[PDB]
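Contents: one structure, followed by commentary.
Proteins come first, then strands; the chains are lettered A, B, ... in the order of their sequence lines, and each starts at number 1.
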2 protein chains.
Amino acid sequence: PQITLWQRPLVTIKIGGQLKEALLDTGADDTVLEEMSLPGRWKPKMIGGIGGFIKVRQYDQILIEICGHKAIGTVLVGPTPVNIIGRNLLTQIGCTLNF
Amino acid sequence: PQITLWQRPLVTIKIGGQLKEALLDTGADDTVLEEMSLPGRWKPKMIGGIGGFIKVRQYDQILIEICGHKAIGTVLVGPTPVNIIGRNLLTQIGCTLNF
Ligand SMILES: O=C(N[C@H]1c2ccccc2C[C@H]1O)[C@H](OCc1cccc(F)c1)[C@H](O)[C@@H](O)[C@@H](OCc1cccc(F)c1)C(=O)N[C@H]1c2ccccc2C[C@H]1O
């Protein structure tokens, strides 16, 4: 699908059997989701954004479906204002910027 | 062109007669550049991202050239860690997300 940017590029993702809305964010290196429960052990990570840094929990090899496309990768969980699908997963679904 | 997301989507922009490197950010509603001098009057604004909010100066009707494409829009100036080309300008150059 081709997504224009007149509005936020929000899509439905499925993770842990639940549907959530997330932003396709080319400006995000990684994928960070709002506080939730994920399986396995996590490692600590610090990510910096426009307003500073936040501590998140890093879970690896997590199954996540984005707009119907299945991806398996690293997902960060922390106090993010919105669910963000970053480049690590955008590349898995073959997402590109075009103009 | 078609930009892959294996690396950050950085492009050269021309603003106020200056050449700068900026990130094509679909997750950014607005465009914010690091501290610099721009003409006209400005209004203060607070923008929030990961980490919190930062105070920026809002300039309107600013002309910017993104990869050769001329676009006009509001440009925010402030303590952003990286130059960001947001949706308000990405739409003007016909940039879309595709997968
Ligand atoms: O922090 C970033 N990447 C980091 C990141 C993100 C997730 C995981 C890892 C990493 C590392 C970095 O790539 C990105 O910023 C560039 C950036 C790039 C590299 C290093 C940096 F410091 C900063 C960031 O994900 C933006 O894509 C965007 O995030 C989603 C969002 C949406 C709505 C409300 C929110 F509050 C947050 C965002 O902050 N948007 C806000 C914005 C920006 C400019 C002007 C106005 C407004 C308002 C709002 O849209």
Side-chain angles (χ1 to χ4, degrees), chain A residues 1-11 13 21-34 45-56 65-71 73 76-99, chain B residues 1-11 13 21-34 45-56 65-71 73 76-99:
Chain A
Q2 173 168 291
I3 300 177
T4 54
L5 303 166
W6 303 98
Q7 55 186 294
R8 289 184 173 179
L10 298 173
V11 298
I13 59 169
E21 294 210 313
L23 181 68
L24 298 182
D25 193 346
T26 58
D29 299 329
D30 311 303
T31 294
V32 186
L33 303 180
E34 295 164 20
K45 186 172 186 179
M46 293 285 276
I47 55 176
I50 194 174
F53 296 67
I54 59 173
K55 296 183 60 59
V56 294
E65 189 178 302
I66 305 169
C67 272
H69 293 64
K70 288 188 176 186
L76 307 179
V77 180
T80 175
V82 298
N83 293 315
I84 295 170
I85 302 303
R87 293 190 298 99
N88 72 304
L89 297 186
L90 294 176
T91 50
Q92 278 195 38
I93 58 179
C95 189
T96 65
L97 279 169
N98 298 269
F99 66 82
Chain B
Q2 180 174 69
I3 303 176
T4 51
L5 297 171
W6 300 112
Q7 291 79 54
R8 292 184 168 182
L10 297 176
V11 300
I13 64 170
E21 185 176 63
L23 185 63
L24 296 186
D25 194 347
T26 60
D29 298 322
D30 312 300
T31 291
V32 60
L33 304 179
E34 67 201 322
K45 181 174 187 177
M46 211 72 81
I47 54 181
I50 284 64
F53 292 71
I54 54 166
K55 180 181 181 180
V56 299
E65 292 183 54
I66 304 170
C67 293
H69 298 65
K70 294 182 181 61
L76 308 179
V77 178
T80 176
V82 61
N83 292 314
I84 298 168
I85 297 308
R87 294 191 299 99
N88 74 304
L89 292 183
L90 292 176
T91 57
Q92 302 303 101
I93 64 175
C95 184
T96 59
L97 240 32
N98 302 77
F99 60 101

### Message
Please classify the contact between A/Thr4 and chain B as side chain, backbone, both or neither, with a heavy-atom cut-off of under 4.5 Å.
### Response
both
### Side chain, backbone, both or neither of A/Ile85 within contact of chain B (heavy atoms, under 4.5 Å)
neither
Can you tell me how far [atom2] of [Y] sits from [atom1] of [X], rounded to the nearest 0.5 angstrom?
X       : Y       : atom1 : atom2 : result
B/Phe99 : A/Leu24 : CZ    : CG    : 5.5 Å
B/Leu97 : A/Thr96 : CG    : OG1   : 7.5 Å
B/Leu5  : A/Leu90 : CG    : CG    : 6.0 Å
B/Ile50 : A/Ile50 : CD1   : CD1   : 9.0 Å

### Message
Quick check against the 3.5 Å criterion: does A/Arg87 have a side-chain atom that pairs as donor or acceptor with the backbone of B/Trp6?
### Response
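Answer holds: yes.
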### Message
So for B/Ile93, is it side chain, backbone, both, or neither that comes closer than 4.5 Å to the heavy atoms of chain A?
### Response
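For B/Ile93, the contact with chain A is made by backbone and side chain together.
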### Query
In terms of heavy-atom proximity below 4.5 Å to chain A, should B/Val82 be classed as side chain, backbone, both, or neither?
neither
### Heavy-atom pairs under 4.5 Å with chain B, option from A/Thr80, A/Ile54, A/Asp29 with the top count
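Top count of heavy-atom pairs under 4.5 Å with chain B: A/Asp29.
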### Task
Output the option from A/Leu23, A/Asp25, A/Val32, A/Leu10 having the highest count of non-hydrogen pairs under 4.5 Å with chain B.
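Option with the greatest count: A/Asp25.
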### Task
Under 4.5 Å, counting heavy-atom pairs only, tell me which of B/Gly49, B/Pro9, B/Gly94, B/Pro1 racks up the most with chain A.
B/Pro1
## Note on the structure
Greatest number of non-hydrogen atom pairs under 4.5 angstrom with chain A, of B/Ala28, B/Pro81, B/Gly27, falls to B/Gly27
